[PDB]
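Before any questions on how it binds or moves, here is one chain, the form deposited in one PDB entry, in structure tokens.
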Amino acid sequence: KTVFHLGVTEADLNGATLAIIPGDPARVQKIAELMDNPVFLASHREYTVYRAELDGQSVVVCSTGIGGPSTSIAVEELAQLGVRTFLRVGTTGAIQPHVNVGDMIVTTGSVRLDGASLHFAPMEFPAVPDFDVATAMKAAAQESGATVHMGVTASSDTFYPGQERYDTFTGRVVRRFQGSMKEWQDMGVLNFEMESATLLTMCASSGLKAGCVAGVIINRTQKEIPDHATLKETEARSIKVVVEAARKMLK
């Protein structure tokens, strides 16, 4: 069978039922090459797709683009082609003083500051990961030697006002989001990103297994501009971790 956007067929996946889904198309090859026999399948729009083999089993690596909407297309179309387990890796900004740049976060639930999640389940439904995937991600992250936090992630449809950034063209933030950083901090939320609410809600309500692991590249209470060597090390460890989490999920 074919799909509308991803440009791959079921045959291209060689029986893969697990996908690693980074955001950045450029990260796809980097992840694939941590496994055996990486093969470029397709690139169209924000969707770059590779296959590789992990302990003899086919695994697909597919970028999502930025945001719930583009993520939702990739997950749906991969599911049409037989994928049932989705491991999200990406970078994130921490909002708690105790979470340091270079730490890792495994999301136990997401604050749904998105729109696409509502296209799968009403707001009352929890944006939570599959327990096996979260468990595998925690184990892989801890085994790497990283400092790992389990907790709630705020997942926003914007990078700017929905994360209460004021250093912008207008410098304004709509009422809903004024004072919101402080509120999430007080409620113990660890970090911000832009895809987990959609991913987790879609999967948890559709019989798909999903989880999210992230490297902390900035801390909002500190500075916006990351140090290059620190960022590189964090990014490299994250992709090693997500591949090990995939290994733990294979049956």
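Throughout, we count residues from 1 along the sequence that is shown. We call the rigid core whatever largest set of C-alpha positions still superposes within 1.5 Å between the two forms.
A.B. asks: Please check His228 against the other PDB entries of this protein that were compared: is it missing in at least a third of those that model both its neighbours?
C.D. replies: Per the records, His228 goes unmodelled in at least a third of the other entries.
A.B. asks: When the Cα temperature factors in the entry are averaged, is it 43-51 or 183-191 that ends up higher?
C.D. replies: Looking at the record's C-alpha B-factors, the answer is 43-51.
A.B. asks: Could you settle it for me: does 97-105 or 114-122 have the higher average Cα B factor in the PDB entry?
C.D. replies: Between 97-105 and 114-122, it is 97-105.
A.B. asks: Identify, among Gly151, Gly162, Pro129, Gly90, the residue whose C-alpha carries the highest B-factor in the deposited PDB entry.
C.D. replies: Result of the comparison over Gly151, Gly162, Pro129, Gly90: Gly90.
A.B. asks: Report the option among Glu77, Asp157, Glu143, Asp167 whose CA atom has the maximum B-factor in the deposited record.
C.D. replies: Of the options given, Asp167 has the highest CA B-factor in the PDB entry.
A.B. asks: Could you place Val59 in the lowest, middle or highest third of its chain by Cα temperature factor, using the values in the record?
C.D. replies: Highest third - that is where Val59 ends up once the chain's C-alpha B-factors are sorted.
A.B. asks: Splitting the chain's C-alpha B-factors into thirds, which one does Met35 fall into?
C.D. replies: Answer is highest: the recorded C-alpha B-factor places it there.
A.B. asks: Sorting the chain's modelled residues by C-alpha B-factor, tell me whether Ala197 ends up in the lowest, middle or highest third.
C.D. replies: CA B-factor rank for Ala197: lowest third.
A.B. asks: Sort the modelled residues of this chain by their C-alpha B factor and say whether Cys203 lands in the lowest, middle or highest third.
C.D. replies: Ranked within chain, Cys203 CA B lands in the lowest tercile.
A.B. asks: Split into thirds by Cα B-factor across the chain's modelled residues, where does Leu18 land: lowest, middle or highest?
C.D. replies: Within its chain, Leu18 is a middle-third residue by C-alpha B-factor, going by the deposited values.
There is another form of this protein, the form deposited in another entry, and it is not shown here; the text below is about that form.
A.B. asks: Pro226: with the rigid core matched between the shown form and the other one, does its Cα shift 2 Å or more?
C.D. replies: Superposed on the core, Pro226 moves its C-alpha 2 Å or more between the shown form and the other one.
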